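This text opens with one protein chain seen in two forms, each one given by itself as structure tokens under the names structure 1 and structure 2.
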Structure 1
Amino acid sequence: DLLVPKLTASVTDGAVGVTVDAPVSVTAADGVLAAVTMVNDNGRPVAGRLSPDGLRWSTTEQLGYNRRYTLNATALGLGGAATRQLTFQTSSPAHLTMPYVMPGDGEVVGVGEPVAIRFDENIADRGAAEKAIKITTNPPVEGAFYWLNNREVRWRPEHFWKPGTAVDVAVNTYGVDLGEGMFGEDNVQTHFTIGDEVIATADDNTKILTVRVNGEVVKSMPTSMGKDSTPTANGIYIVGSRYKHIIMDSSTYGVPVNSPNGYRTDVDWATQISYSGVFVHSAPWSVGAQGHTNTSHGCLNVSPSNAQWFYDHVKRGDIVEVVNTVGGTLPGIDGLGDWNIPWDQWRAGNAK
């Protein structure tokens, strides 16, 4: 009279819709696992590993969608043996969606850079997407998720990041039902660091763009912003990509070139600060207007010299704030206007 080994698996025989966001395990009690195999609906075996003590076996590669797996396990012991065969089917997505995360892995970014997770499909279950995203911060700081549209979600703290903060983003979305049968195509995993505090302020009262590094003025640039008919909106702008030169085409923003407010001109040293088309760029033609009157379509015109300096000394995530213009406020969902949404609204989020 002795104990008979028992077998415990993380799946049920006959189970359907098994999610592939976790390994499949099989455990032996009152005995050890003598043989554990697992094959798919073809013949190919599934990779796995057994613990040295012989009690725990797990798969070591990710399991695929739309697969029927067959699991055979045998357990031995002083008091007998036990064998079990289990077959189960994994999730069968209706559609797949792949996430993309910014900033890039290893980047050093300014204090205003939000964590960004953009999917290539609409997300029916935003809560499920948020649950699947794990964000670590050192030093730890509370942030919250907020959706700019149906496909991109952002995560940021109440105030600007503290320089030196380490941020780690893991979007563990493979095998996760993101709503209406849409499952994540894969996981993504990026890490970045917050750099120096760089805040540039363009004051319409003075028509000056002052760059502050760690709270001290390092550059004062005369500027000409949008005229009354096409003014530059007030608010907080997040610096984005930087270009040695770029063709500013209004058609990419929905405004034809031939229309009154349209344009197509090649400019130098252009730093993007809004998705709606606001740049800090070289503007030789308005050097005389810079510091006095507004003549552009919204962009912050500066001298070629100050434009190259801005390009060289400003990095993705730095902040450009505009105040006292005749325009409104930059939309919070512009894509670089995250900080214009009041914190209570951002904190509460819009997972619905």
Structure 2
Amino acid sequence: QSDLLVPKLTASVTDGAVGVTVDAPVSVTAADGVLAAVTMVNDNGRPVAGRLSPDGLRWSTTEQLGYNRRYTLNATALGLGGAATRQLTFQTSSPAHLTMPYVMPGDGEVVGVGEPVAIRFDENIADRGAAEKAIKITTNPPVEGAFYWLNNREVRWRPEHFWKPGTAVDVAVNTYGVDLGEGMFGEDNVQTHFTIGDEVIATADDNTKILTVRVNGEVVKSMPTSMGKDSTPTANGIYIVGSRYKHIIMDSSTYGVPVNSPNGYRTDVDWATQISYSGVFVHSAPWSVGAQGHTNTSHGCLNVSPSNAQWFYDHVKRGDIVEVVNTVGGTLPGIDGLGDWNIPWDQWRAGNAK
């Protein structure tokens, strides 16, 4: 015989390891024995918080680990027949730069059926695929969706068709410890959750010059409107409702054209609901009430009466839809910022992660 079982120790890192990613906790496990002592400190001797399972078989760090750190791990395992100790030292990732993600809509919000998930970064993302792999989106009832990038810093996720009311969406951006390309690592994680509200779709038909608001299939409001003139027409397509303003100042000089010129004007506008990054609003237009419902006079915006503008402000929420049809203009760019739904699904599905 002359045989006795000796405790063994195994860990999620190896001694002398470099480039260890902080996207996972570090653990230590005991076999044929139990953990009698476990400690972990950084290069400065500062300890790391951990937790020991009741059976004493598993120890794991409970706080996220830092970059450019050198950690030292000590662990002793005692058993019915022997003991074993190990000291392991490893070096974590050394980023060249960090990037902080920003997600919308906000946590706990109720949004319309056109609202996509948006993850915006504060730096360029050289490895879009890694960014997509690190973003976990849960839908209930489950529905298919896909990623698509609007620029080098913001990516969007949405299903093929408009959301179904009552759908719960949970977004987990787990980019901490992930190399997003060229040494660009995630500064932190993000966790937001939102819900899909009632179906609200408003249709602006250039043939009738009417903006018709439908709530769950029923017409509830019919607004005379004056859209962009033949020289600066309103583009057809689908618009996602964005920010809403009791009032907002629309410049002109911000576009490079001086106000004191033929095609420039400065004005403060009431009851303005943004529906494109390019500057298209549903807003109060006292000056064109006579034209509304007849002819187009704006620069692109959907002019309506003051009372209808305030109504739109009060009855529309972020994510609702505005559809423009039968105008002399082209189609709203798919990567406008609020024109996601104008990209054919097959082109969106395929993505552009390269």
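Numbers follow structure 1, counted from its first residue as 1. C-alpha atoms forming the largest set that superposes within 1.5 Å between two forms make up the rigid core.
Asker: Core aligned, which of 259, 83, 122, 136 has the Cα that shifts 2 angstroms or more between structures 1 and 2?
Answerer: The one that moves 2 Å or more is 259.
Asker: Does the distance between the two CA positions of residue 201 reach 2 Å or more between structures 1 and 2, the core being superposed?
Answerer: No: residue 201 shifts by under 2 Å between structures 1 and 2.
Asker: Comparing between structures 1 and 2 on the rigid core: C-alpha of residue 250 shifted by 2 Å or more?
Answerer: After core superposition, the displacement of the residue 250 C-alpha between structures 1 and 2 reaches the 2 Å mark, so yes.
Asker: Once the core is aligned, what is the C-alpha displacement of residue 26 between structures 1 and 2? Give it in Å to one decimal.
Answerer: Looking at the C-alpha of residue 26 between structures 1 and 2, the offset is 0.4 Å.
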